[PDB]
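Here's the structure, in structure tokens; my notes come after.
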Amino acid sequence: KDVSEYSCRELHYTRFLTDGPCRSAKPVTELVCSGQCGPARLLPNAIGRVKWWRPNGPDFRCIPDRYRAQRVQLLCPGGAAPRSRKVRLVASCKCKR
């Protein structure tokens, strides 16, 4: 896997699903595709005045491609109003732009 070649290596996270005053907590695996893979070239366009944007560097990172399907119900205090929610987790992504 050329995923670890740059950033966002084989990383795993635990995010399931949250909705109306309730939340799910079923085991879920997701990758955190966030890193750097773009030029550090700064583009000066202050057209005289710089306030809006600033040459602090371009925003580049890994880009999620495909996600894994996760079907878990959100649990509420006391388990009385549980709900089902779908969640797509980038089980595979590439570091682009």
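Just so we're on the same page: first chain in the structure tokens is A, next is B, and so on; residues restart at 1 for each chain, and ligands are numbered from 1 in the order they show up.
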
Write out as a PyMOL selection string each polymer residue whose atoms come within 12 Å of residue 5 (chain A), counting only C-alpha atoms; drop sequence neighbours fewer than 3 positions from it. chain A and resi 1-2+8-10+35-37+62+94-96

Write a file of the just-selected residues containing N, CA, C and O atoms, as an mmCIF file, in the first residue's frame.
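Result file is result38.cif:
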```
data_model
loop_
_atom_site.group_PDB
_atom_site.id
_atom_site.type_symbol
_atom_site.label_atom_id
_atom_site.label_comp_id
_atom_site.auth_asym_id
_atom_site.auth_seq_id
_atom_site.Cartn_x
_atom_site.Cartn_y
_atom_site.Cartn_z
ATOM 1 N N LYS A 1 0.837 -1.228 0.000
ATOM 2 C CA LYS A 1 0.000 0.000 0.000
ATOM 3 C C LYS A 1 0.858 1.259 0.000
ATOM 4 O O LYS A 1 1.699 1.448 0.879
ATOM 5 N N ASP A 2 0.636 2.123 -0.984
ATOM 6 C CA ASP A 2 1.389 3.368 -1.083
ATOM 7 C C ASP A 2 0.755 4.461 -0.223
ATOM 8 O O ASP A 2 1.073 5.642 -0.367
ATOM 9 N N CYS A 8 -1.288 9.739 6.354
ATOM 10 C CA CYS A 8 -2.511 8.972 6.544
ATOM 11 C C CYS A 8 -2.253 7.474 6.411
ATOM 12 O O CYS A 8 -2.956 6.776 5.681
ATOM 13 N N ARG A 9 -1.246 6.985 7.126
ATOM 14 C CA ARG A 9 -0.903 5.568 7.092
ATOM 15 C C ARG A 9 -2.114 4.717 7.451
ATOM 16 O O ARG A 9 -3.238 5.217 7.523
ATOM 17 N N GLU A 10 -1.881 3.431 7.696
ATOM 18 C CA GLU A 10 -2.959 2.525 8.069
ATOM 19 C C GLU A 10 -3.496 2.908 9.441
ATOM 20 O O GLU A 10 -3.269 2.211 10.429
ATOM 21 N N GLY A 35 -3.239 14.339 5.655
ATOM 22 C CA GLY A 35 -1.805 14.562 5.654
ATOM 23 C C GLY A 35 -1.397 15.640 4.673
ATOM 24 O O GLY A 35 -2.104 16.630 4.502
ATOM 25 N N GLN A 36 -0.255 15.441 4.022
ATOM 26 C CA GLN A 36 0.242 16.393 3.037
ATOM 27 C C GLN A 36 0.734 15.657 1.794
ATOM 28 O O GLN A 36 1.381 14.614 1.896
ATOM 29 N N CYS A 37 0.425 16.200 0.621
ATOM 30 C CA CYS A 37 0.838 15.585 -0.636
ATOM 31 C C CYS A 37 0.787 16.594 -1.778
ATOM 32 O O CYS A 37 0.661 16.221 -2.945
ATOM 33 N N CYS A 62 -4.605 14.039 2.290
ATOM 34 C CA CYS A 62 -5.038 12.792 1.677
ATOM 35 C C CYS A 62 -6.507 12.895 1.290
ATOM 36 O O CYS A 62 -7.289 13.560 1.969
ATOM 37 N N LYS A 94 -6.434 7.383 -0.826
ATOM 38 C CA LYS A 94 -5.125 7.678 -1.389
ATOM 39 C C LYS A 94 -4.728 9.114 -1.084
ATOM 40 O O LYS A 94 -5.584 9.997 -0.996
ATOM 41 N N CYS A 95 -3.431 9.354 -0.930
ATOM 42 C CA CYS A 95 -2.944 10.695 -0.645
ATOM 43 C C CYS A 95 -2.794 11.482 -1.937
ATOM 44 O O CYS A 95 -1.807 11.334 -2.658
ATOM 45 N N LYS A 96 -3.786 12.311 -2.230
ATOM 46 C CA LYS A 96 -3.776 13.112 -3.439
ATOM 47 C C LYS A 96 -4.074 14.576 -3.139
ATOM 48 O O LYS A 96 -4.853 14.889 -2.239
#
```

Spatial neighbours of residue 93 (chain A), 8 Å, only C-alpha atoms, chain gap at least 6 places, as a ChimeraX atom specification: /A:3,33,62-66

Just the residues within 10 Å of residue 41 (chain A), please, counting only C-alpha atoms, with nothing from its chain fewer than 3 positions along; format it as a ChimeraX atom specification. /A:38,44,55-58

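Near residue 13 (chain A), within a cut-off of 8 Å and counting only C-alpha atoms, sit the residues residues 28, 29, 30, 31 and 32 of chain A, with same-chain residues fewer than 6 positions away left out.
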
Just list as a ChimeraX atom specification whatever in chain A DSSP marks as strand (DSSP E). /A:18-19,22-24,63-75,83-94

May I have the selected residues written with N, CA, C and O atoms, as a compact mmCIF listing (two decimals), in the first residue's frame?
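Saved file result17.txt follows:
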```
# COMPACT_ATOMS: atom_id res chain seq x y z
N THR A 18 -24.10 9.44 15.51
CA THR A 18 -24.77 10.28 16.50
C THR A 18 -25.96 11.00 15.87
O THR A 18 -25.84 11.58 14.80
N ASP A 19 -27.10 10.95 16.55
CA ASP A 19 -28.32 11.59 16.05
C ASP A 19 -29.07 12.25 17.20
O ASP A 19 -28.50 12.43 18.28
N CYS A 22 -29.22 11.23 21.32
CA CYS A 22 -28.85 9.83 21.47
C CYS A 22 -27.57 9.57 20.67
O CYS A 22 -27.21 10.37 19.80
N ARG A 23 -26.89 8.47 20.94
CA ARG A 23 -25.66 8.16 20.22
C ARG A 23 -25.38 6.66 20.20
O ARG A 23 -25.66 5.95 21.16
N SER A 24 -24.80 6.20 19.10
CA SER A 24 -24.45 4.79 18.94
C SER A 24 -23.05 4.53 19.47
O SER A 24 -22.25 5.46 19.61
N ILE A 63 -6.88 12.25 0.20
CA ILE A 63 -8.26 12.29 -0.27
C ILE A 63 -8.94 10.93 -0.17
O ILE A 63 -8.49 9.96 -0.78
N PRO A 64 -10.05 10.85 0.58
CA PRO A 64 -10.80 9.60 0.74
C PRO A 64 -11.42 9.15 -0.58
O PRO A 64 -11.98 9.96 -1.32
N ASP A 65 -11.30 7.86 -0.89
CA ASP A 65 -11.84 7.33 -2.14
C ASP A 65 -13.08 6.47 -1.91
O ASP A 65 -14.18 6.83 -2.32
N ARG A 66 -12.89 5.33 -1.25
CA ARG A 66 -13.99 4.42 -0.98
C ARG A 66 -14.15 4.19 0.51
O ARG A 66 -13.17 4.22 1.26
N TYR A 67 -15.39 3.97 0.95
CA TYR A 67 -15.67 3.76 2.36
C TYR A 67 -16.31 2.40 2.60
O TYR A 67 -16.87 1.78 1.69
N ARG A 68 -16.24 1.95 3.85
CA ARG A 68 -16.83 0.68 4.24
C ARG A 68 -18.20 0.94 4.84
O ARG A 68 -18.43 1.98 5.45
N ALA A 69 -19.11 0.01 4.65
CA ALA A 69 -20.47 0.17 5.16
C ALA A 69 -20.57 -0.23 6.63
O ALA A 69 -20.08 -1.28 7.03
N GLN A 70 -21.24 0.62 7.40
CA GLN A 70 -21.44 0.36 8.82
C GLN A 70 -22.89 0.63 9.20
O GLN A 70 -23.39 1.74 9.04
N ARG A 71 -23.57 -0.39 9.72
CA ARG A 71 -24.96 -0.25 10.12
C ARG A 71 -25.11 -0.50 11.61
O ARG A 71 -25.18 -1.65 12.05
N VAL A 72 -25.17 0.57 12.38
CA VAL A 72 -25.31 0.47 13.82
C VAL A 72 -26.42 1.38 14.33
O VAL A 72 -26.62 2.47 13.81
N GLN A 73 -27.12 0.94 15.36
CA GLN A 73 -28.20 1.73 15.93
C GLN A 73 -27.67 2.61 17.07
O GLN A 73 -26.83 2.17 17.85
N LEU A 74 -28.17 3.83 17.14
CA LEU A 74 -27.75 4.76 18.18
C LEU A 74 -28.45 4.46 19.50
O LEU A 74 -29.67 4.31 19.55
N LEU A 75 -27.66 4.35 20.55
CA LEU A 75 -28.18 4.05 21.87
C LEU A 75 -28.42 5.31 22.68
O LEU A 75 -27.61 6.24 22.67
N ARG A 83 -32.09 4.11 17.47
CA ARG A 83 -32.34 4.34 16.05
C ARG A 83 -31.22 3.74 15.21
O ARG A 83 -30.10 3.60 15.68
N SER A 84 -31.54 3.38 13.97
CA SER A 84 -30.55 2.79 13.07
C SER A 84 -29.98 3.83 12.12
O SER A 84 -30.73 4.62 11.53
N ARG A 85 -28.66 3.84 11.97
CA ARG A 85 -28.00 4.79 11.09
C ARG A 85 -26.86 4.14 10.30
O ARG A 85 -26.14 3.28 10.81
N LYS A 86 -26.72 4.56 9.05
CA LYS A 86 -25.67 4.05 8.17
C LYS A 86 -24.47 4.98 8.19
O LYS A 86 -24.62 6.20 8.32
N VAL A 87 -23.27 4.42 8.07
CA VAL A 87 -22.06 5.22 8.09
C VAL A 87 -20.99 4.65 7.16
O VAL A 87 -20.55 3.51 7.31
N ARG A 88 -20.57 5.47 6.21
CA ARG A 88 -19.53 5.10 5.26
C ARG A 88 -18.16 5.52 5.78
O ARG A 88 -17.91 6.70 6.00
N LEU A 89 -17.28 4.55 6.00
CA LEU A 89 -15.94 4.84 6.51
C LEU A 89 -14.85 4.52 5.50
O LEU A 89 -14.70 3.37 5.07
N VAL A 90 -14.08 5.53 5.12
CA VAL A 90 -13.00 5.34 4.16
C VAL A 90 -12.09 4.18 4.55
O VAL A 90 -11.05 4.39 5.17
N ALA A 91 -12.48 2.97 4.18
CA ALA A 91 -11.68 1.80 4.49
C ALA A 91 -10.46 1.73 3.57
O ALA A 91 -9.58 0.89 3.74
N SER A 92 -10.43 2.64 2.59
CA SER A 92 -9.32 2.71 1.64
C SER A 92 -9.30 4.07 0.95
O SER A 92 -10.27 4.46 0.30
N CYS A 93 -8.19 4.79 1.09
CA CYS A 93 -8.05 6.11 0.48
C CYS A 93 -6.63 6.31 -0.06
O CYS A 93 -5.74 5.51 0.22
N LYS A 94 -6.43 7.38 -0.83
CA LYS A 94 -5.13 7.68 -1.39
C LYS A 94 -4.73 9.11 -1.08
O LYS A 94 -5.58 10.00 -1.00
```

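Separating CA of residue 97 (chain A) from CA of residue 52 (chain A) is a distance of 22.8 Å.
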
Between CA of residue 80 (chain A) and CA of residue 15 (chain A), what is the distance in Å, rounded to a tenth? 21.7 Å
